[PDB]
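A.B. asks: Quick note on numbering: the sequence shown equals residues 186 to 363 in the numbering used here.
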Amino acid sequence: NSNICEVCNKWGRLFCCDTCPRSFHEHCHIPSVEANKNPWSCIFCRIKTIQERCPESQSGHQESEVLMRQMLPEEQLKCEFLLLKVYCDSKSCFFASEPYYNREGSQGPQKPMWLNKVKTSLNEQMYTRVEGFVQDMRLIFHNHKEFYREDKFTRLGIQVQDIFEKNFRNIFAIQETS
Ligand SMILES: [Zn+2]
Ligand SMILES: [Zn+2]
Ligand SMILES: [Zn+2]
């Protein structure tokens, strides 16, 4: 096994995957690492099994069809993984916790959103369809773009959104386009 957490790249109290070399802090893994379960398999491994069980799940899909899917267990899992892939970039620190807004010349967003709120929402099964989760994720970056305006800090939102969007297309096997 690895000696650092796969998500935040730090040592500490790590739980080790039994089917791959990855390790995790308790609250870095999504869902939070399960109390018992020996052996234990991480979210990377559980996502690989889904693909291996239904190879055709990797044929191309339309985004509009993906978004309307109900949050059954396998879609729940894929959204948790996509969220985890965003937390794996260090720039996610800017979007993790509840923001506040007091900048000369700007007004705060009507609907604030942050990664830990989306985490809790997933955890509490508040999304009924994929669309619910993707809308909140995209709103995080859209709020940041609007508030920071021409400050070069807006770029952090573009960068972390690109990580989200690349992973969304991968995880949900979105049809490749020019
Ligand atoms: Zn960690
Ligand atoms: Zn694993
Ligand atoms: Zn099959």
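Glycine included, C-beta positions come from ideal geometry on N, C-alpha and C.
Excluding sequence positions up to five away, which residues of its chain have a Cβ less than 6 Å from the Cβ of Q346?
C.D. replies: Correct list, in chain order: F326.
A.B. asks: On the CB-based measure, 16 or more other CB atoms within 10 Å of its CB, does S277 come out buried or exposed?
C.D. replies: Classification of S277: buried, given that the 10 Å Cβ count is 16 or more.
A.B. asks: Determine contact between the segment 319–337 and the segment 295–306, defined as no fewer than three beta-carbon pairs at a distance below 8 Å.
C.D. replies: Result yes; three or more Cβ-Cβ pairs closer than 8 Å.
A.B. asks: Taking only the alpha-carbon atoms, compute the straight-line gap between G245 and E219 and give it to the nearest angstrom.
C.D. replies: Taking the straight line joining both Cα atoms gives about 32 Å.
A.B. asks: For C205, which residues in the same chain have their Cβ closer than 7 Å to its Cβ, ignoring the five residues on either side in sequence?
C.D. replies: Excluding residues within five positions, the ones whose Cβ falls inside 7 Å are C227, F229 and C230.
A.B. asks: Let me check you understand the geometry: is the CB of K195 closer than 7 Å to at least one non-hydrogen atom of ligand 1?
C.D. replies: The answer is yes for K195.
A.B. asks: On the CB-based measure, 16 or more other CB atoms within 10 Å of its CB, does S208 come out buried or exposed?
C.D. replies: With 16 or more other Cβ atoms within 10 Å, it is buried.
A.B. asks: In whole angstroms, give me the CA-to-CA distance for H329 and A281.
C.D. replies: Going from the Cα of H329 to the Cα of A281 covers about 12 Å.
A.B. asks: So if I measure from each beta-carbon to every heavy atom of ligand 2 and keep distances below 7 Å, which residues remain?
C.D. replies: Counting every residue whose Cβ lies closer than 7 Å to a heavy atom of ligand 2, we get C202, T204, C205, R207, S226, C227, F229 and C230.
A.B. asks: Below 8 Å on the Cβ atoms is my contact criterion, and I expect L252 with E316 to pass it. Report the Cβ-Cβ distance as a whole number of Å.
C.D. replies: With 8 Å as the limit, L252 and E316 qualify as a contact, their Cβ atoms being about 4 Å apart.
A.B. asks: Could you name the residues of the same chain whose beta carbon sits closer than 7 Å to that of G342, not counting the 5 residues immediately before and after it, in chain order?
C.D. replies: Excluding positions up to five away in sequence, the list reads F326, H329 and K330.
A.B. asks: Between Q261 and the rest of its own chain, which residues show a CB-CB distance below 7 Å, the 5 nearest in sequence each way excluded?
C.D. replies: So the list is empty, once near-sequence residues are dropped.
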